[PDB]
Amino acid sequence: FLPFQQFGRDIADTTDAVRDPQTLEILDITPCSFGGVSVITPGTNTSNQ
Amino acid sequence: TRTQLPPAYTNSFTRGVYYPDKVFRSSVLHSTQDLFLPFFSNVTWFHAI
Ligand SMILES: *[C@@H]1O[C@H](CO)[C@@H](O)[C@H](O)[C@H]1NC(C)=O
Ligand SMILES: *[C@@H]1O[C@H](CO)[C@@H](O)[C@H](O)[C@H]1NC(C)=O
């Protein structure tokens with residue numbers, strides 16, 4: 001960043017890079033908890049798996 | 001011995017542009033409203049020649 005900036009945004013308009021106010025080191029942000037759970041059932045008549 | 005001459009008027013040329021946030025932006029284009037210098041405007045030109 002510039003030596004007066006603290007946060008950084010992208011075209012998403014979201015803050016994705018912050019500056020450590022103890023080291024002056026740029027640190028990226030990466031969310032988690034992505035996606036869902038799908039289940040593959042072969043049929044209820046047959047063995048349960 | 002203070003001699004006074006009528007003041008003249010000069011024109012702006014794509015100047016008076018500055019940074020309005022500590023938010024880093026890169027490879028992006030966006031618009032914002034704030035008090036800026038109007039381009040190609042007459043401003044007062046002073047001398048001390
Ligand atoms: C399950 O399989 C058995 C044996 O083939 C059959 O008799 C029964 O009708 C089947 N049930 C269903 C609903 O698929
Ligand atoms: C600025 O003002 C002067 C004097 O009125 C005039 O001669 C000149 O054309 C003006 N220029 C602009 C940019 O309007």
# chains A, B, ... in the order shown; residues from 1 in each chain; ligands from 1
>>> residues_around(residues="residue 20 (chain A)", least_positions_apart="5", cutoff="12 Å", atoms="only C-alpha atoms", output="PyMOL selection string")
chain A and resi 1+5-7+25-28
>>> write_last_selection(atoms="C-alpha atoms", output="JSON list (two decimals), in the first residue's frame")
[["chain", "number", "residue", "atom", "x", "y", "z"],
["A", 1, "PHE", "CA", 0.00, 0.00, 0.00],
["A", 5, "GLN", "CA", -3.20, 3.76, 3.27],
["A", 6, "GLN", "CA", -4.29, 1.01, 5.73],
["A", 7, "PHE", "CA", -6.94, -1.18, 4.01],
["A", 25, "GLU", "CA", 3.05, -5.91, 6.55],
["A", 26, "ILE", "CA", 0.25, -6.47, 4.07],
["A", 27, "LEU", "CA", -1.89, -9.48, 5.02],
["A", 28, "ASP", "CA", -4.54, -11.00, 2.77]]
>>> residues_around(residues="residue 6 (chain B)", least_positions_apart="3", cutoff="12 Å", atoms="only C-alpha atoms", output="PyMOL selection string")
chain B and resi 3+9+44-47
>>> closest_residue(among="A:24, A:29, A:18, A:11", to="chain B", atoms="only C-alpha atoms")
A:11
>>> residues_near_ligand(ligand="ligand 1", cutoff="10 Å", atoms="only C-alpha atoms and all ligand atoms", output="number ranges by chain")
A: 43-46
>>> residues_near_ligand(ligand="ligand 2", cutoff="6 Å", atoms="only C-alpha atoms and all ligand atoms", output="JSON, numbers by chain")
{"B": [9, 11, 41, 42]}
>>> residues_around(residues="residue 23 (chain B)", least_positions_apart="3", cutoff="12 Å", atoms="only C-alpha atoms", output="list in words")
residues 1, 2, 3, 4, 5, 6, 7, 8, 9, 10, 13, 14, 15, 16, 17, 18 and 19 of chain A; 19, 20 and 26 of chain B
>>> interface_residues(of="chain B", to="chain A", cutoff="8 Å", atoms="only C-alpha atoms", output="ChimeraX atom specification")
/B:21-26,28
>>> atom_distance(atom1="CA of residue 12 (chain A)", atom2="CA of residue 32 (chain A)")
17.1 Å
>>> select_by_dssp(residues="chain A", states="strand (DSSP E or B)", output="list in words")
residues 7, 8, 9, 15, 16, 17, 18, 19, 26, 27 and 28 of chain A
>>> atom_distance(atom1="CA of residue 30 (chain B)", atom2="CA of residue 18 (chain B)")
14.3 Å
>>> atom_distance(atom1="CA of residue 8 (chain B)", atom2="CA of residue 39 (chain B)")
18.0 Å
